[PDB]
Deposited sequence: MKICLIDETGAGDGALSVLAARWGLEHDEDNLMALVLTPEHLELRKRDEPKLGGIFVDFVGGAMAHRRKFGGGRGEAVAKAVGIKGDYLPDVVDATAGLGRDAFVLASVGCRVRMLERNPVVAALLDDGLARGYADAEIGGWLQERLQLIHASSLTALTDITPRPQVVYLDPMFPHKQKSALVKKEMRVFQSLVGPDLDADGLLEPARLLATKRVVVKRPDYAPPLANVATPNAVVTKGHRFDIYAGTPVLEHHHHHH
C-alpha cells in the first residue's frame, strides 16, 4: 500500500524501514496521506490539511481513557448490544478493528477480544498503539490478555477462527454522504465496498450473536432485516443470531 513515509525520530536505526517491510508499505513521496514515526508514536496525517493535525491510537490517554472512565463500560450501547450482562463476558471478534475504539471498550469491561484489520496502514497504527498499551504499567497487564490484533481479512479469515467467539462485531466503513480525527481517518479509509459480504461468515462463526453498527437510516448489512437492535443518538446496533454449537 502506497503512502508517504516520514521519519521524525532522529534515530537512524531503520525502525521506519522495518515497519514498512513488516506491513508491506510502499513509500509514495507525493501521496496525499503520510505515516509519520515520531519519538512519541506512529501517526497518520492529511498532508494538504495540517490544521487537522495527526491521528494515532492511544489506549492509555486522550479520548480512549476518558471514554473508559466516563463512557459507562457495561452500560455502553455497544456493550449492551454484544449481550454483556451480569457476569456474562463473551469472547468477541471485532472483524473490522479500525481505530479499535469499540474493541477497547469491550476489552475494558472484561471481554476477551480479537481484532481483525486488513488495511496495512490502519494495522500499523493499531500495532503501535498496542505496543504502547501493553507497556503501560496500569492497563498493560490485562490489555495484553484481553486485546489482540490479527492482520487479516474477515471476509476469508473468519471461517477458521478458533476458538469460536460468542459474538462477532461488525462496523465496516459505510458510504457516508452527510471532527478532525474522523476527517483524517476517512481520508485514508474509504467505503468498504465488499462489506455486505461480512454478515454471512460472521453469523456462522459466532455461537451467540452478531452485532452490526449502522448509522441512522442506513440499510441493514446485506439487506438482511432484523427486529433486534440497540438504538442510540446517530446510530444503531443491529443484532442477529449466531450459529449455536
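Absence of C-alpha coordinates is noted for several segments of the deposited sequence, namely 179-183, 251-258.
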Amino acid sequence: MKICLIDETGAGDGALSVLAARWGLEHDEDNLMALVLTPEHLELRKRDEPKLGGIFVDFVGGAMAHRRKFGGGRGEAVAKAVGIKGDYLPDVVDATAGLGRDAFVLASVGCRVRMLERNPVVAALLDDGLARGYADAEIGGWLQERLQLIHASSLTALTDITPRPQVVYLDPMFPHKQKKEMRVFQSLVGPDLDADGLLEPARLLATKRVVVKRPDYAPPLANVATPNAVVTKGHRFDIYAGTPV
From here on, numbers count along this sequence of modelled residues.
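Looking at mean Cα B-factors across 183-191 and 47-55, the upper value is held by 47-55. Set 215-223 against 31-39 and average the Cα temperature factors; 215-223 ends up higher. Out of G133, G98, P163, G75, the entry records its largest CA B-factor for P163. Residue-level inspection of the entry shows that, of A81, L158, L126, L106, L158 has the top Cα B-factor.
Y169 sits in the lowest third of its chain by CA B factor, as recorded in the PDB entry. Compared with the other modelled residues of the chain, the Cα B-factor recorded for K69 ranks in the lowest third. When the modelled residues of the chain are ordered by C-alpha B-factor, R118 sits in the lowest third. When all modelled residues of the chain are sorted by CA temperature factor, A152 is found within the middle third. In this PDB entry, the Cα temperature factor of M1 sits in the top third of its chain's modelled residues, the highest group.
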